[PDB]
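**Q** One structure coming up, written as structure tokens, with questions to follow.
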Amino acid sequence: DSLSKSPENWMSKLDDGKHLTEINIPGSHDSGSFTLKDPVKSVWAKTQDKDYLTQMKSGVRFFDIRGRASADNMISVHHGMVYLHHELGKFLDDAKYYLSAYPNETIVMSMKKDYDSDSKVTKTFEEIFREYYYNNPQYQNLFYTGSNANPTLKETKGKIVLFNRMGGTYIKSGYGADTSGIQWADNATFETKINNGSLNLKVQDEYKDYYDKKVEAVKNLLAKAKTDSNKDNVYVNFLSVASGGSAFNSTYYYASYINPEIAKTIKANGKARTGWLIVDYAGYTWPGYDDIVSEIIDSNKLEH
């Protein structure tokens, strides 16, 4: 049966000799925003309706955690200025729970500063994450701490791999974990070397695009991935787009079009390499339409 038939443990069915970069991985954009209930706010600030555990059950393996330092020992999960009602510990604990339940999966956790620190804060965002989370004995063994820039599934399964969107860091394991960090171009499709030249990161993150331009930018990077068997190359492709347009169109509304359009394209490509595709409303189904998370999972080729 289809891998998308067992989303809760799909990675367990792959050759663990694969480099994570080579795996087609569904991600959720602003993963933590499922806590939002305020309907006026949710139009533009809510990007998911499944909680973290349910997103994992649904096969999501890449988490977009954007944060704000709200005390010298605390990072709160945020969508820009909007507080998402929990701290990073909650994500970590859920991840840790899911990984012991499904220990042949790995999670890639992207970490970004999304808003200015609370005025009492005396430490940088990167220092707080490094000291109060990554290095914290409480989360001992949860993070990938290997020295490989291009780790395999074997060496990462059971753990969270950092995907560093903080800037330069003194953390030494994970994507962009060095004193340069990742050069991220605003609202752009771009390409930049990371991990001291070891990896070429190719990103589509045109989050302010109107609809047609967004779909075209998702497909342009999709088409590139399909031609590229290089493991030293990493694709991150965000289908998520910012709210606005003809009425005051929600992030959901756009996801209801983009997700099925890309799901279908991938399905028609069969087993082509896709890269890591980051979506809004991961796991949200619409009768009659292909499901993006499911098609990303199924696009992985089992050759072993």
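Ligands are numbered from 1 in the order shown, residues from 1 within each chain, and chains are lettered A, B, ... in the order they appear in the structure tokens.
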Residues at most 8 Å from residue 221 of chain A, counting only C-alpha atoms, excluding those fewer than 6 positions away in the same chain, as a ChimeraX atom specification?
**A** /A:203-204,235,237
**Q** Can you pull out every residue within 9 Å of residue 215 of chain A, counting only C-alpha atoms, but drop anything in the same chain fewer than 5 positions away, and send it as a list in words?
**A**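 Listing them by chain and then by number gives residues 209, 210, 220, 239, 258, 261 and 262 of chain A.
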**Q** Considering only C-alpha atoms, tabulate each residue of segment 201-279 of chain A that lies at most 7 Å from segment 21-25 of chain A along with its nearest interatomic pair and the corresponding distance in Å to one decimal; arrange the rows by chain and ascending residue number and present them as a Markdown table.
**A**
| residue | atom | partner | partner_atom | distance |
| --- | --- | --- | --- | --- |
| A:231 | CA | A:22 | CA | 5.6 |
| A:233 | CA | A:21 | CA | 6.9 |
| A:234 | CA | A:21 | CA | 5.3 |
| A:273 | CA | A:24 | CA | 6.5 |
| A:274 | CA | A:24 | CA | 5.5 |
| A:275 | CA | A:24 | CA | 5.0 |
| A:276 | CA | A:25 | CA | 4.6 |
| A:277 | CA | A:25 | CA | 6.4 |
**Q** Could you write those residues out with N, CA, C and O atoms, as an mmCIF file, in the first residue's frame?
**A**
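For reference, selection.cif as written:
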data_model
loop_
_atom_site.group_PDB
_atom_site.id
_atom_site.type_symbol
_atom_site.label_atom_id
_atom_site.label_comp_id
_atom_site.auth_asym_id
_atom_site.auth_seq_id
_atom_site.Cartn_x
_atom_site.Cartn_y
_atom_site.Cartn_z
ATOM 1 N N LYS A 231 22.274 15.137 -3.786
ATOM 2 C CA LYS A 231 22.018 15.159 -2.328
ATOM 3 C C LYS A 231 22.560 16.359 -1.553
ATOM 4 O O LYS A 231 22.164 16.587 -0.400
ATOM 5 N N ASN A 233 22.230 19.268 -2.509
ATOM 6 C CA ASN A 233 21.274 20.288 -2.818
ATOM 7 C C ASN A 233 20.034 20.100 -1.965
ATOM 8 O O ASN A 233 19.509 18.974 -1.863
ATOM 9 N N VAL A 234 19.565 21.191 -1.374
ATOM 10 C CA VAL A 234 18.368 21.124 -0.555
ATOM 11 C C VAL A 234 17.287 22.150 -1.011
ATOM 12 O O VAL A 234 17.553 23.357 -1.186
ATOM 13 N N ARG A 273 11.611 13.705 -7.557
ATOM 14 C CA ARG A 273 12.079 14.387 -6.355
ATOM 15 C C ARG A 273 11.374 15.734 -6.238
ATOM 16 O O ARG A 273 11.232 16.437 -7.235
ATOM 17 N N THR A 274 10.903 16.076 -5.033
ATOM 18 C CA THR A 274 10.098 17.305 -4.806
ATOM 19 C C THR A 274 10.801 18.375 -3.937
ATOM 20 O O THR A 274 10.594 19.571 -4.132
ATOM 21 N N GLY A 275 11.635 17.945 -3.000
ATOM 22 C CA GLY A 275 12.203 18.818 -1.993
ATOM 23 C C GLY A 275 11.229 18.863 -0.838
ATOM 24 O O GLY A 275 10.296 18.035 -0.798
ATOM 25 N N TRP A 276 11.453 19.790 0.096
ATOM 26 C CA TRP A 276 10.641 19.923 1.322
ATOM 27 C C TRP A 276 9.681 21.017 0.985
ATOM 28 O O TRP A 276 10.120 22.178 0.696
ATOM 29 N N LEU A 277 8.390 20.665 0.989
ATOM 30 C CA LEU A 277 7.303 21.549 0.590
ATOM 31 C C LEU A 277 6.507 21.930 1.833
ATOM 32 O O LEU A 277 5.977 21.065 2.553
#
**Q** Could you tell me which of A:110, A:56, A:132, A:30 comes closest to residue 182 of chain A if we count only C-alpha atoms?
**A**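 Closest candidate: A:110.
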**Q** Mind checking which residues fall within 10 Å of residue 19 of chain A, counting only C-alpha atoms, ignoring those fewer than 2 positions away in the same chain, and posting them as number ranges by chain?
**A** A: 15-17, 21-23, 150-156, 231-232
**Q** Please provide as a ChimeraX atom specification all residues within 8 Å of segment 93-97 of chain A, with the sequence filter that same-chain residues fewer than 4 positions apart are discarded (counting only C-alpha atoms).
**A** /A:52-53,89,101,107,142,159-160
**Q** In Å, rounded to a single decimal, give me how far atom CA of residue 161 of chain A is from atom CA of residue 1 of chain A.
**A**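 Here the two named atoms are 28.6 Å from each other.
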**Q** DSSP says alpha helix (DSSP H) for which residues of segment 50-89 of chain A? Put them as a list in words?
**A**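 Residues of segment 50-89 of chain A classed as alpha helix (DSSP H): residues 52, 53, 54, 55, 56, 57, 88 and 89 of chain A.
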**Q** Measuring between only C-alpha atoms, which one of A:294, A:164, A:256, A:119 shows the shortest distance to residue 71 of chain A?
**A**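 That would be A:119, the residue with the smallest distance to residue 71 of chain A.
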**Q** For residue 194 of chain A, find every residue with an atom within 9 Å (counting only C-alpha atoms), except residues of its own chain fewer than 6 positions away, and show them as a list in words.
**A**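 Skipping anything fewer than 6 positions along the chain leaves residues 149, 175, 176, 177, 178, 180, 181, 182, 183, 200 and 201 of chain A.
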**Q** Taking only C-alpha atoms into account, which of A:285, A:47, A:195, A:227 comes nearest residue 260 of chain A?
**A**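 Smallest distance to residue 260 of chain A is found for A:285.
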**Q** Please identify the strand (DSSP E or B) residues within segment 142-290 of chain A (assignment by DSSP from backbone atoms) and present them as a short mmCIF file (atom, residue, chain, number, x, y, z; two decimals) with N, CA and C atoms, in the first residue's frame.
**A**
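Output file part.cif follows:
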data_model
loop_
_atom_site.label_atom_id
_atom_site.label_comp_id
_atom_site.auth_asym_id
_atom_site.auth_seq_id
_atom_site.Cartn_x
_atom_site.Cartn_y
_atom_site.Cartn_z
N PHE A 143 17.73 16.56 20.45
CA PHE A 143 18.31 17.18 19.24
C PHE A 143 19.44 16.36 18.60
N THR A 152 22.16 11.57 7.39
CA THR A 152 21.21 10.63 6.86
C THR A 152 20.08 10.46 7.84
N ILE A 160 15.22 15.69 16.81
CA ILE A 160 14.95 16.91 16.06
C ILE A 160 16.25 17.46 15.45
N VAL A 161 16.28 17.63 14.13
CA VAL A 161 17.33 18.37 13.46
C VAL A 161 16.99 19.86 13.38
N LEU A 162 17.87 20.70 13.92
CA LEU A 162 17.74 22.15 13.77
C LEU A 162 17.87 22.61 12.30
N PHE A 163 16.95 23.46 11.88
CA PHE A 163 17.12 24.18 10.63
C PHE A 163 17.20 25.62 11.09
N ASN A 164 18.41 26.19 11.05
CA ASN A 164 18.67 27.50 11.64
C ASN A 164 18.29 28.75 10.84
N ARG A 165 17.22 29.41 11.28
CA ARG A 165 16.84 30.67 10.67
C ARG A 165 17.07 31.84 11.65
N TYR A 175 21.13 22.20 9.92
CA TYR A 175 21.24 23.07 8.73
C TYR A 175 21.47 24.54 9.06
N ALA A 188 11.08 35.99 -1.94
CA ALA A 188 11.97 35.76 -3.03
C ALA A 188 12.16 34.25 -3.25
N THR A 189 12.60 33.88 -4.45
CA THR A 189 13.09 32.53 -4.73
C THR A 189 14.57 32.80 -4.80
N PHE A 190 15.41 31.99 -4.15
CA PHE A 190 16.83 32.28 -4.08
C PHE A 190 17.61 31.01 -3.79
N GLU A 191 18.93 31.16 -3.74
CA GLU A 191 19.80 30.04 -3.57
C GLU A 191 21.03 30.56 -2.82
N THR A 192 21.52 29.80 -1.83
CA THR A 192 22.63 30.27 -1.01
C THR A 192 23.33 29.03 -0.47
N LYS A 193 24.66 29.08 -0.39
CA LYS A 193 25.39 27.99 0.23
C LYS A 193 25.28 28.02 1.76
N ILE A 194 25.15 26.87 2.37
CA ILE A 194 25.07 26.81 3.81
C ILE A 194 26.04 25.76 4.35
N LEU A 199 26.40 22.59 1.54
CA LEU A 199 25.08 22.42 0.95
C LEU A 199 24.65 23.65 0.17
N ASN A 200 23.94 23.41 -0.92
CA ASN A 200 23.28 24.47 -1.67
C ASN A 200 21.77 24.48 -1.37
N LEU A 201 21.29 25.51 -0.68
CA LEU A 201 19.91 25.61 -0.28
C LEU A 201 19.14 26.36 -1.35
N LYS A 202 18.09 25.75 -1.88
CA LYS A 202 17.30 26.47 -2.87
C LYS A 202 15.89 26.69 -2.33
N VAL A 203 15.47 27.94 -2.28
CA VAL A 203 14.24 28.25 -1.56
C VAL A 203 13.26 29.02 -2.42
N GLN A 204 11.98 28.66 -2.34
CA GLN A 204 10.95 29.57 -2.84
C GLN A 204 10.11 30.05 -1.68
N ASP A 205 10.20 31.34 -1.39
CA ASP A 205 9.49 31.90 -0.22
C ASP A 205 8.91 33.26 -0.55
N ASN A 233 22.23 19.27 -2.51
CA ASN A 233 21.27 20.29 -2.82
C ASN A 233 20.03 20.10 -1.96
N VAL A 234 19.56 21.19 -1.37
CA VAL A 234 18.37 21.12 -0.56
C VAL A 234 17.29 22.15 -1.01
N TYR A 235 16.10 21.64 -1.26
CA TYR A 235 14.99 22.48 -1.72
C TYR A 235 13.98 22.74 -0.61
N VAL A 236 13.70 24.01 -0.32
CA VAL A 236 12.58 24.36 0.56
C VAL A 236 11.57 25.22 -0.26
N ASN A 237 10.32 24.78 -0.36
CA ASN A 237 9.37 25.38 -1.27
C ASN A 237 8.07 25.64 -0.49
N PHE A 238 7.76 26.91 -0.17
CA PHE A 238 6.59 27.28 0.63
C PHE A 238 5.37 27.57 -0.28
N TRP A 276 11.45 19.79 0.10
CA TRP A 276 10.64 19.92 1.32
C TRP A 276 9.68 21.02 0.98
N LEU A 277 8.39 20.67 0.99
CA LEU A 277 7.30 21.55 0.59
C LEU A 277 6.51 21.93 1.83
N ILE A 278 6.46 23.24 2.10
CA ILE A 278 5.94 23.73 3.35
C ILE A 278 4.56 24.33 3.11
N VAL A 279 3.56 23.84 3.83
CA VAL A 279 2.19 24.21 3.53
C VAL A 279 1.39 24.80 4.71
#
**Q** Which residue out of A:255, A:43, A:272, A:263 has the minimum interatomic distance to residue 292 of chain A when only C-alpha atoms are used?
**A**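 Closest residue, counting only C-alpha atoms: A:263.
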**Q** Grab the atom CA of residue 64 of chain A to atom CA of residue 168 of chain A distance for me, in Å with one decimal place.
**A** 18.2 Å
**Q** Just to confirm, what's the straight-line distance from atom CA of residue 125 of chain A to atom CA of residue 66 of chain A in Å (one decimal)?
**A** 11.3 Å
**Q** Residues at most 7 Å from residue 58 of chain A, counting only C-alpha atoms, excluding those fewer than 5 positions away in the same chain, as a list in words?
**A**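 Once the adjacent positions are removed, what remains is residues 7, 8 and 283 of chain A.
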